[PDB]
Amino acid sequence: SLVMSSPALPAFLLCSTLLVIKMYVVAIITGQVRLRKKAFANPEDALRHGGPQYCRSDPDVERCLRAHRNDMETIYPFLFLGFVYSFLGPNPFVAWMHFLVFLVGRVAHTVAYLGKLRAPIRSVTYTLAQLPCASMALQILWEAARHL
C-alpha cells in the first residue's frame, strides 16, 4: 500500500481524515440548528418549513458558520502542509507530535466555539494548533528553496 511511502504518512492521514469528518459533523450540527431554531438562509427552505418569516438569521446558526469557516481557514492549509511535510523525512515522533497537537487543538477549538466557552480558551486553542502548521510551513520552505 502507498500509505507506506513515508513513515509519517499514516499518522498524517489518520489525523487529517478525522478532521475532515469533524468538519462534516459541524455541517450536520449547523443543519440541525437551522431546523430546530427555524432559521433558514433561503426563502425556498423557509417556505417548506413553516413560512417566509423563517428566512432569518440566528445567533447560534451564525456561530456554527463561524466555526465551520475557521475550520476552512486552518484545516485546509494543514491538509496541504501536513501531506508535503510527511514526505520530507521528518523524525517520525516529531511528525506525530505536529499532527497530534493540530488534531487536539482543532477539536478543542470546535468544542470551545460551539460550547461558548469563556475567552480566551478558543483563542488559545487556535494559536496552539497554528504552531505546528507554522513549523511545517517553514520546513517546507527550506526544502523547496534548497532544491531550486
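Residue numbers run from 1 along the displayed sequence.
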item	value
Mean C-alpha B-factor comparison - 5-13 and 134-142, higher one	5-13
Between the two ranges 27-35 and 84-92, the one averaging a larger CA B factor in the entry	84-92
Selection from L65, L100, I121, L114 [criterion: highest C-alpha temperature factor in the record]	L100
For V61, the third of its chain into which the C-alpha B factor falls	middle
Position of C55 among the chain's modelled residues by C-alpha B-factor, lowest, middle or highest third	highest
Chain-relative CA temperature factor third for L18	middle
B-factor third for the C-alpha atom of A41 within its chain	highest
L47 - Cα temperature factor, lowest/middle/highest third of chain	highest
